[PDB]
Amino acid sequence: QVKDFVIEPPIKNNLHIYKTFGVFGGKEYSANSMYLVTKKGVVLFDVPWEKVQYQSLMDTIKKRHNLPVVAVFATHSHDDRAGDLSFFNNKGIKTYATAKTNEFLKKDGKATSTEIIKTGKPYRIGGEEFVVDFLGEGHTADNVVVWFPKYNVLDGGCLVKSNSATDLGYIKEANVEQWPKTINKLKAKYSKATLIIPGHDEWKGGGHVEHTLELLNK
């Protein structure tokens, strides 16, 4: 498979945004994920959209950083997020999801995580720190965000729409009534965030939170 994924220039050395692509309904779409380099290996936040690219990403990370992937955190149950966790489980790489996300994975016939996320509590690995937060339902009932306090970056995931999105996208499993309330909680909580990464489309340019509220109103 062609290496068409994009690893962006990192925030303060170790925090990386990476973009992967998938074709759905005759059109190519982008998903933004992240990874964090630590002294004990690399932590993925969500996985390539296409499972055929899992090994490719791991190989690229090994060549770039001389480090293995040592943990995978899913920000919800969908294919562009948790994906197929069996790939990582089979290799003995710890995978992390909330109880809710695991319930969805199991219901959908998919592999579940080997570790259970405690929301709102610091995770520390290889000298790095982050917090996985559940702010409420939105894009899905299980969507969570990831705060990186040393980087002032919030991984919004698919709860946050891109400034470049023209609709809400896949909403069959969304809680549209709760979504703006969850976004307003996010907006109030992460004032220190100088960068918020939306799950899909353009991550550059800011104004993602405000545009999410606009799309919800429309």
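Position 1 is the first residue in the sequence shown; the rest follow in order.
Enquirer: Using only C-alpha atoms and the B-factors in the entry, which stretch averages higher, 42-50 or 167-175?
Expert: For C-alpha atoms only, the mean B-factor is higher in 167-175.
Enquirer: Mean C-alpha B factor from the entry: is it higher for 58-66 or for 25-33?
Expert: Averaging CA B-factors over each stretch, the winner is 25-33.
Enquirer: If you check the C-alpha B-factor for each of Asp142, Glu129, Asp108, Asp79 in the entry, which is highest?
Expert: By C-alpha B-factor in the record, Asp108 ranks first.
Enquirer: Could you place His200 in the lowest, middle or highest third of its chain by Cα temperature factor, using the values in the record?
Expert: According to the entry, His200 has a C-alpha B-factor in the chain's middle third.
Enquirer: Splitting the chain's C-alpha B-factors into thirds, which one does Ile7 fall into?
Expert: Lowest third - that is where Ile7 ends up once the chain's C-alpha B-factors are sorted.
Enquirer: Could you say whether, by C-alpha temperature factor, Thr75 belongs to the lowest, middle or highest third of its chain?
Expert: For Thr75, whose C-alpha B-factor we compare with every modelled residue in the chain, the answer is the lowest third.
Enquirer: Would the CA B-factor of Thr112 place it in the lowest, middle or highest third of its chain?
Expert: Middle third by C-alpha B-factor.
Enquirer: Split into thirds by Cα B-factor across the chain's modelled residues, where does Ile183 land: lowest, middle or highest?
Expert: It belongs to the highest third of the chain when residues are ordered by C-alpha B-factor.
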